[PDB]
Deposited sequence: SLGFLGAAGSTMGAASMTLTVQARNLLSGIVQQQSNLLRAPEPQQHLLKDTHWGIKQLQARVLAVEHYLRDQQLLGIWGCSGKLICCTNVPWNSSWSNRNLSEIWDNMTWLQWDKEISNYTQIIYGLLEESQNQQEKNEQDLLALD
C-alpha cells in the first residue's frame, strides 16, 4: 500500500508489482479550463491504449512480444536492469531507442494478424 507513484525510485523488478496502482489513476472561461483538462486526460489515455491495441497488448498490464532485444539499445545484464536500477533511470538510458522499438512492435503484430488469418483459412 505505497500509493500512487510510491514505488518510484524502487528497483524495477519490485516496482513492476504495483502497476495497477498507477494504471487506475490515469482517468481519476473558467469552466473551459476544466473542460479542456478533462478532454486531455481522455486523449492521452486513449493514445496509450491505441498503442497497446496495435501491438496486440490490449487488456494487459504486462505483455510479452516477439521482438527480440537488440544489444545495441542496451547491453546491460538482467541483474543490472531488473535489479540495481529503477524505472526513471531505465527510461533515460533507452530514451533514444523508444521510437525504434515501437515501430518494431507494430510491424510484428501486423505480421501475426496475417499469419493467424492464414492458419484459420487452412483449418
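*Asks:* Spell out the unmodelled ranges of the deposited sequence for me, N- to C-terminal, numbering from the first residue.
*Replies:* Just one stretch lacks coordinates - namely 29 to 51.
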